[PDB]
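Below you'll find the structure, written out as structure tokens, and then a few comments.
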Amino acid sequence: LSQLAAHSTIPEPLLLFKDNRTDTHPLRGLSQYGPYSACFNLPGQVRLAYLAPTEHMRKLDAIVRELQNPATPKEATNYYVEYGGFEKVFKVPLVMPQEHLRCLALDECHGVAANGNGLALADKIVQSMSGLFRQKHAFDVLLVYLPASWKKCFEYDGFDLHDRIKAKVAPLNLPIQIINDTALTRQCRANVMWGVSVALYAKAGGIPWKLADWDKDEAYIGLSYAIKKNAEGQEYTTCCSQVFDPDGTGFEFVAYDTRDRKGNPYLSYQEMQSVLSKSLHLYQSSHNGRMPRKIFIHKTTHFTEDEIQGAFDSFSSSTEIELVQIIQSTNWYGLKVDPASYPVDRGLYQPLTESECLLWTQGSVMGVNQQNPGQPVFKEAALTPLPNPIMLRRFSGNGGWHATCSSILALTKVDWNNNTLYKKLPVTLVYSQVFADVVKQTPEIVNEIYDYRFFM
Amino acid sequence: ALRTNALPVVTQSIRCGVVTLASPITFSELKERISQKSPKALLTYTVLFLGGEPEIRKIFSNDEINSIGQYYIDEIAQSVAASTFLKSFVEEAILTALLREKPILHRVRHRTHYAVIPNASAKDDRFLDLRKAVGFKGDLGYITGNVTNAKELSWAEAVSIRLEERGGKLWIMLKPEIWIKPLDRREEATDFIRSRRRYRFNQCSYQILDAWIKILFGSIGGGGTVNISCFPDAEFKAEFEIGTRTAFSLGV
RNA sequence: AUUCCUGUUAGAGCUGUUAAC
DNA sequence: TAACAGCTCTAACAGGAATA
Ligand SMILES: [Mg+2]
């Protein structure tokens with residue numbers, strides 16, 4: 001009477017690296033083979049530029065030196081492999097800035113930071129990049145260091161310094177990696193070196209890794225919303241993030257606002273179909289004008305019937321539409337029994353109803369462990385002892401949870417901003433939420449689309 | 001295999017009591033009168049009640065009571081899916097039936113029900129399994145105590161019990177938690193709960209869930225559908241039957 | 001903000017069910 | 001439109017580092 005439907009397990013998504021080498025473990029595969037974009041020359045080199053207060057430029061120099069030189073994992077040695085330096089790992093030089101590519105933040109930055117005005121702090125920080133705007137050919141990624149003295153402007157009610165800076169520097173087409181004292185201070189140095197190096201390569205060129213065996217005829221849409229607290233009511237900022245592997249070798253990962261105002265996360269008919277009209281045009285431009293054969297729309301909340309009508313009217317009958325709601329907080333949780341020492345395997349999904357499934361995007365991963373191979377790795381072990389599944393609710397389902405579960409799971413391992421093994425959420429939802437935060441911070445970003453490297 | 005935290009509720013229909021009122025009533029009015037009178041009955045407005053007629057007569061005077069008949073919720077799963085009031089009512093009824101004949105404390109945090117180990121009755125025989133499950137390296141642990149670096153804060157092992165409507169089925173969701181005796185000061189036990197829960201991995205959590213099922217149903221989940229009942233000495237009572245084994249599945 | 005996502009604290013939105021206005 | 005209920009989300013912090 002308690003026996004549910006038989007569960008299934010989606011194998012750990014293989015990651016494509018240099019010259020079609022597949023490895024589930026990102027850092028291990030990166031060290032062994034090199035980035036997927038190392039077969040060709042997306043970056044011929046990774047040139048950095050420095051933007052930091054004149055007292056803190058030694059910190060940027062030091063972290064760049066640690067990027068150059070090898071580092072050994074201290075924490076989470078269960079998973080993290082040895083770091084061999086930027087040149088050795090990425091097969092690409094990490095070019096230190098010249099004096100002309102090393103610009104100091106003005107003292108007005110410090111003044112407005114002590115004044116606690118992040119709105120002017122972001123303006124002054126982007127103004128400090130004025131010399132770098134003319135030299136955009138000389139450097140690839142600007143290294144911005146935010147000292148703890150600016151802590152008063154990092155985050156407060158209605159403002160986000162990171163999102164504001166990345167919004168101001170997105171139309172300028174110069175990628176930025178922001179460094180706080182967190183990266184300098186965290187005791188495990190292989191952690192920070194791996195994360196920063198992968199981020200720098202991804203936004204100084206791109207594609208540290210891709211997904212192995214990924215269909216190019218699919219588009220993945222994730223709609224995520226942010227809330228801006230009005231003095232009278234509230235405003236909802238729903239943004240749409242698309243992922244797809246286009247005909248070109250460059251994996252495509254973009255975001256764009258679904259839009260005047262919204263009072264709930266639920267798109268109207270002419271809003272949902274407008275954003276999907278934008279979406280399949282974006283897919284078509286990267287697919288020589290071919291229509292998607294399958295659309296995966298991921299949402300944090302449920303699809304209204306008007307939303308379903310808009311989705312089904314935005315695409316022809318040839319296109320197969322998958323509307324899926326992702327419920328992060330569920331009552332269900334699972335134990336592995338044979339009780340195993342390690343929890344339920346990652347990729348395990350249990351169908352609840354016809355339209356409901358529990359996907360374990362968190363769990364034990366095998367064949368990724370560095371020390372004592374044969375022992376599973378539970379990435380959130382420090383956080384929780386057992387993984388919390390997510391719930392998938394299908395609003396247009398022909399049958400078969402394997403396709404959507406594999407899509408969602410594979411979509412957890414291409415967050416190049418994520419230093420750990422995976423994410424509990426698909427990158428569609430992750431980047432739609434990040435871009436929703438960015439748009440809610442700065443409204444005037446609605447017209448253009450933006451690639452992940454400008455906001456990761 | 002995969003063992004969940006969901007115990008099936010095979011009960012399909014429950015009998016309730018209807019009190020027809022001479023004047024319209026609001027659910028807020030009913031719930032505040034509940035708090036004021038503190039009856040030995042469960043009440044919802046849809047006015048449905050489970051328990052004894054005398055308590056309902058205490059709650060509503062004879063002037064405002066027209067008749068008291070019986071309600072038949074034929075499809076409990078469909079009715080609680082349709083009505084959040086029915087969902088809350090049935091969840092509270094199952095909780096009252098569960099924690100009736102047992103020393104387990106009944107607490108509520110936010111709107112989730114918890115079966116909490118009593119500090120006074122911690123050393124009971126029925127709690128030895130929980131002591132073993134939370135013990136270290138095969139010794140006997142503790143399931144109640146004082147927070148290590150807190151002035152007055154207390155802690156106990158609890159299980160959150162939720163009602164879940166999934167398709168046409170009802171589930172009792174059990175989540176082992178650490179209840180903090182002052183609810184509004186539970187944030188002050190963040191580090192204590194974190195350190196206590198840190199190494200409750202798959203094995204320890206399986207043992208803890210087995211111990212909590214044994215505590216809440218007197219028997220391990222083998223061939224059992226123990227029938228719990230709320231207000232057995234009342235005209236309008238609810239008798240639920242819950243499978244003692246949690247929901248589980250083998251892969252294909 | 002190299003990261004992760006866990007807790008805490010609140011809130012909002014969706015649905016309903018009543019009472020209505 | 002005003003409560004009520006449940007479900008599920010974001011927002012804002014704090015917080016520690018992968019079977020001990
Ligand atoms: Mg980044």
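What's counted below: heavy atoms across the whole structure, side chains too, no hydrogens, waters or symmetry copies. Just so it is clear: chains get the letters A, B, ... in the order the sequence lines come, proteins before strands, and each one is counted from 1.
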Open item on the list: At less than 4.0 Å, is any side-chain N or O atom of B:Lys31 found next to OP1 or OP2 of D:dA5? Yes or no.
Closed with: yes
TODO: Looking only at side-chain atoms of A:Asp437, point me to the closest of C:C5, C:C14, D:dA11.
DONE: D:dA11
- [ ] Write down the distance separating the P atoms in C:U3 and D:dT19, rounded off to the nearest Å.
- [x] 24 Å
TODO: To the nearest Å, give me how far apart CD1 (A:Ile327) and P (D:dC9) are.
DONE: 7 Å
Open item on the list: Quick check on C:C14: is either OP1 or OP2 less than 4.0 Å from any side-chain nitrogen or oxygen of A:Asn264?
Closed with: yes
TODO: Check whether the ring centres of B:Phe201 and A:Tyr342 lie less than 6.0 Å apart, and answer yes or no.
DONE: no
TODO: Return yes if a side-chain donor-acceptor contact under 3.5 Å exists between A:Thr301 and A:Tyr266, otherwise no.
DONE: yes
Task: Rounded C1' spacing from C:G7 to D:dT10 in Å - done: 16 Å
- [ ] With the side chain of B:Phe201 defined as its heavy atoms from C-beta on, choose the nearest nucleotide among D:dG6, D:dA20, C:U6.
- [x] D:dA20
Task: Short side-chain N/O contact from A:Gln328 to OP1 or OP2 of D:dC9, under 4.0 Å - done: yes
Open item on the list: Is it the case that the base of C:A1 and the side chain of A:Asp160 share a donor-acceptor contact (distance under 3.5 Å, atom types as modelled)?
Closed with: yes
Open item on the list: Could you tell me how far D:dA5 sits from C:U9 if I compare only their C1' atoms? Round to whole Å.
Closed with: 22 Å
- [ ] May I ask you to evaluate whether A:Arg393 reaches the phosphate of D:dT8, defined as a side-chain N or O under 4.0 Å from OP1 or OP2?
- [x] yes
- [ ] Using whole Å, report how far CG of A:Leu143 lies from P of C:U2.
- [x] 11 Å
Task: C:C21: pairing nucleotide in any strand, Watson-Crick or G-U under 3.5 angstrom - done: none
Task: Candidate pair A:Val126 and A:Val169, rule side-chain contact (heavy atoms from CB on, under 4.5 Å), full reasoning - done: CA-CA 7 Å; A:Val126 182; A:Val169 312; 3.9 Å; yes
TODO: Check the paired bases for major-groove atoms (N7, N6, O6, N4, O4) and minor-groove atoms (purine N3, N2, pyrimidine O2), then say which set lies under 5.0 Å from the side chain of B:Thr84.
DONE: minor
- [ ] Ignoring backbone atoms, establish whether A:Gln370 has a side-chain N or O less than 4.0 Å from OP1 or OP2 of D:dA18.
- [x] no
TODO: Please list, chain by chain and in numerical order, all residues satisfying side-chain hydrogen bond (donor to acceptor under 3.5 Å, both in side chains) with A:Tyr79, sequence neighbours excluded.
DONE: none
TODO: Could you tell me whether the side chains of B:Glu164 and A:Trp332 share a donor-acceptor contact shorter than 3.5 Å?
DONE: yes
- [ ] Identify which nucleotide among D:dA17, C:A12, C:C4 has an atom closest to any side-chain atom of A:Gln234, counting heavy atoms from C-beta outward.
- [x] C:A12
TODO: Could you tell me whether the side chain of A:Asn191 has a donor or acceptor atom within less than 3.5 Å of a complementary atom in the base of C:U2?
DONE: yes
TODO: Please say whether the positively charged group of A:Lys379, taken as NZ for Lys or CZ for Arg, lies over the ring of A:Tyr422, i.e. under 6.0 angstrom from the six-membered ring centre and within 45 degrees of the axis.
DONE: yes
TODO: Could you check how far NZ of A:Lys440 sits from P of C:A12, rounded to whole Å?
DONE: 16 Å
TODO: Answer yes or no: does a side-chain N or O of A:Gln433 lie under 4.0 Å from OP1 or OP2 of D:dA11?
DONE: yes
Task: Pi stacking test for B:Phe85 and D:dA5: under 5.5 Å apart, planes under 30° - done: no
- [ ] Using the six-membered ring wherever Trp is involved, compare the ring planes of A:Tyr431 and A:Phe455 and label them parallel, tilted or perpendicular (cut-offs 30° and 60°).
- [x] tilted
Task: Partner residues of B:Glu64 under the salt bridge (charged side-chain N to carboxylate O under 4.0 Å, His left out) criterion, sequence neighbours left out - done: B:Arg33
Task: Under-4.0 Å side-chain N/O to phosphate OP1/OP2 contact, A:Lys229 with D:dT10 - done: no
- [ ] Using distance alone, with no hydrogens and no angle criterion, decide if B:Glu177 and B:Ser160 have a side-chain donor and acceptor under 3.5 Å apart.
- [x] no
Open item on the list: For D:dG15, give the paired nucleotide (Watson-Crick: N1-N3 plus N6-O4 or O6-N4; G-U: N1-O2 and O6-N3; both under 3.5 Å), or none.
Closed with: C:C5
Task: Any N/O donor-acceptor pair, A:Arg186 side-chain to C:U2 base, under 3.5 Å - done: yes
Open item on the list: Just the rounded figure in Å: distance from P of C:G16 to OH of B:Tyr45.
Closed with: 18 Å
Task: D:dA20 versus C:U2 - spacing of their P atoms, nearest Å - done: 30 Å
- [ ] For C:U17, take OP1 and OP2 only and decide whether either is under 4.0 Å from a side-chain N or O of B:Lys87.
- [x] no
Open item on the list: Short of 4.0 Å, heavy atom to strand atom, which residues of residues 331-344 of chain A count as contacting DNA chain D?
Closed with: A:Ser341, A:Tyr342, A:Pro343
Task: Side-chain N,O (A:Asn417) to OP1/OP2 (C:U3) below 4.0 Å - done: yes
TODO: In whole angstrom, give the distance that lies between atom NE2 of B:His110 and atom P of D:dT8.
DONE: 16 Å
- [ ] May I ask you to evaluate whether A:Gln325 reaches the phosphate of D:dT8, defined as a side-chain N or O under 4.0 Å from OP1 or OP2?
- [x] no
Task: C:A12 - base-pair partner by Watson-Crick or wobble geometry, distances under 3.5 Å - done: D:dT8
- [ ] Check whether any side-chain nitrogen or oxygen of A:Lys423 sits under 4.0 Å from OP1 or OP2 of C:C4, and answer yes or no.
- [x] yes
- [ ] May I ask you to evaluate whether A:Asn78 reaches the phosphate of D:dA20, defined as a side-chain N or O under 4.0 Å from OP1 or OP2?
- [x] no
Task: Distance test, side-chain N/O of B:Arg109 to OP1/OP2 of C:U9, below 4.0 Å - done: yes
- [ ] Establish, with yes or no, whether the OP1 or OP2 oxygen of D:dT8 is under 4.0 angstrom from a side-chain nitrogen or oxygen of A:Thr300.
- [x] no
